[PDB]
């Protein structure tokens, strides 16, 4: 007997820790074309889709009915659905066919057709197509800012370092629900310290988040969830109508927001209706369209552990990204959640969206060590920053991030650490000792952060939400504290709600608080010689990484 050492070494390989499984269609445990997915089809009578993917209006479920009456261009569907799935896949990759041309077609097809189109493509084709269907011409990036202790001092600090690194969108969340207000606050203060114009969100319970925004503590919301089956939607505590009203609610306040969905959600929650993950996700992205929501966050997202477990699951993630794009939605393409113990494996998953580029390559890059990631970890975290920069330089691919000197960051983290400290004084919140501002400036993660009186904090939070604190109150606390600069920056963020410019598809802000969206920065890729190309300035920044030695 005796065993092979070769096989012992492999057995010990990290990748072998990842939960993989065989396909089980009955329970939706399959990435694409489940034997139970319907066949694409459509029929219209007097301006009303009377049949949708094999089902007559008679048997429409809430989702069906919503998609049929809100997400499909009833006038052109009949003719559009006459095109073969493969033919649309071909236009998707045809440098002679334009973005707008396919949009006119895809906005007139069905959830089954969209999936059927993806079935005809390899990842290279999808990547090829993706770099053309992307809404905004310049790819961007979103990061996560959180920590095990929902510690405000470290959040502000991290948000500053994340902003100087390049993220235009920052997301926080909490271990203890009651901490939200504080977290949204430090994220807001910190975000403007690193790079003025940074958008910020606090992902919590739907009704609680809408209120945080209404109080000017956040500038956008993304995790406004949508699901592919009724059963799951209910367990999500929403309906296409309540979720669509919520969307208009945000806009009615001048707030930017997007929906969140992703492959694998329904199966993990137990009601897939024995459908494939991509098909169900397909319905999700059409709900997003139909609701009037400008953007979508998908690509398995939090359920990457699901879609990743089965065959062609990563190709699936990319495919769901493309369906959203070719459907003309802004796309924050995940890459935000852990799914593998292998660097090799997690890199290939991200490369799918990095290489071609999306509105937001990462819709949750962890700007802090993963042990601090309150979203259970991201596909890439702060300890990967040096690598991510080297990749961009390696392949001449703008990843949406730049290198930074220890000095620039230490200083930025201190300014934000003090800024938030001052805010707590003025507002009369549990003091932030200098030893804290100190720790958070040279800290990596919450391991270097001295404890805080939770009870005290939570208690204060409650008090603050009674006092009815607003972003404007934060503006002031900053002016009276000497940080006129951040105060005016936060004010400019709130101002966005007045112009309503950052409500357009793929909208973000620059240093002067000017909008940059798919409207005034249209993507126009049409094969070599066109579309985005890193600017000379941007290339110089990517190449010139600290430590690169001059050969001479």
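Positions refer to the first chain, counted from 1.
*Asks:* Going by the average Cα B-factor in the PDB entry, point out whether 45 to 53 or 490 to 498 comes out higher.
*Replies:* Looking at the recorded C-alpha B-factors, 45 to 53 comes out higher on average.
*Asks:* Would you mind comparing 209 to 217 and 359 to 367 for me and telling me which has the higher average C-alpha temperature factor in the entry?
*Replies:* The stretch with the larger average C-alpha B-factor is 209 to 217.
*Asks:* Checking the record values for 377, 292, 262, 428, which has the greatest CA B factor?
*Replies:* Highest CA B-factor of the listed options: 428.
*Asks:* Out of 300, 397, 126, 432, which residue has the highest Cα temperature factor in the PDB record?
*Replies:* The record points to 432.
*Asks:* In terms of the CA temperature factor given in the entry, to which third of its chain does residue 508 belong: lowest, middle or highest?
*Replies:* As the PDB entry reports it, the C-alpha B-factor of residue 508 lands in the middle third of its chain.
*Asks:* Place residue 271 in the lowest, middle or highest third of its chain's C-alpha B-factors, as listed in the PDB entry.
*Replies:* For residue 271, whose C-alpha B-factor we compare with every modelled residue in the chain, the answer is the middle third.
*Asks:* What third of its chain, lowest, middle or highest, does the C-alpha temperature factor of residue 100 fall into?
*Replies:* Ranked within chain, residue 100 CA B lands in the highest tercile.
*Asks:* Ranking every modelled residue in this chain by its Cα temperature factor as given in the entry, which third contains residue 250?
*Replies:* According to the entry, residue 250 has a C-alpha B-factor in the chain's lowest third.
*Asks:* If you rank the chain by CA B-factor, which third does residue 233 end up in: lowest, middle or highest?
*Replies:* Middle third of the chain for residue 233's C-alpha B-factor.
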